[PDB]
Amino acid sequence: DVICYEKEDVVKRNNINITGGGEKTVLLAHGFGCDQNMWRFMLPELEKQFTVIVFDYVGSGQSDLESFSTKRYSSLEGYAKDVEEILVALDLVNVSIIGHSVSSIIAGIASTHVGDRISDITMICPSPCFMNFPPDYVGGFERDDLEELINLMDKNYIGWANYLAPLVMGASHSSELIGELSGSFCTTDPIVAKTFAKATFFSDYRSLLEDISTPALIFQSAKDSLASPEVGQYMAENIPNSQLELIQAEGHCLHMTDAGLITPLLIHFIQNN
């Protein structure tokens, strides 16, 4: 069963903030090394149509670190527990979840436990798995390169941030943007960041996909170091009821760089599913 905390309890624990208005509610879930502030480019349009709920994963942003554990948050199932607990505790129903990157998988795990409160998922630049299993799956990242990334976190954290920020944001983008991500990386507790990075880039959730029965809208970045169009394509083929749209853009953060491209589309999806 899913624990039900006092509404009062999850709010402070997850730094929950509610804006907009109306009966239809959307829940926005951030990606690795970020927080709810990365949604600020989409919020205004979303708030014209929905009640918008944002939050910080325990350990992330301004969430309560007192709730963080390396045990629970060792894998994405502990993150999914965050979502399941917020939905149960606020007793929300008919929620559309919009997830960035890893939150695409987290939302999907949560939908296997509390599917009854979730109407659909929107997945922005998702990946089920970053490693390669050729020929039939190429996550795009060799084990040797991933080993080197996680290890760089131990040797030189500032170096790690400077390397990964442009990778995720897309090197063609502004210093303001890339720099915002490296700053977020830097201000995130190093143990949270290290265990979240392993749970994100070292996991394999391809077998999950066929068990996601919730309608899923996938946005695939046309040029994405972290996830090629074949990754998005693979996902749509395996999530039973899914729909992929390819977006002409660069980087792994379309909700930040190209909110104008994806927002009207996901709004239409959530309104008419």
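Don't overthink the numbering: it's just position in the shown sequence, from 1.
Note on 130-138 vs 176-184: mean CA B-factor is higher in 130-138. In this entry, 145-153 has the higher mean Cα B-factor, the comparison being between 145-153 and 93-101.
Per the deposited record, 239 carries the highest C-alpha B-factor of all listed residues (218, 34, 239, 27). Per the PDB record, residue ranking by Cα B-factor puts residue 190 in the lowest third of the chain.
Annotation for residue 205: CA B-factor lies in the middle third of the chain's modelled residues. Among all modelled residues in this chain, the alpha-carbon of residue 18 has a temperature factor (C-alpha) in the middle third. Sort the modelled residues of the chain by CA B factor and residue 12 lands in the highest third. Remark: residue 58 belongs to the lowest third of its chain, ranked by C-alpha B-factor as recorded.
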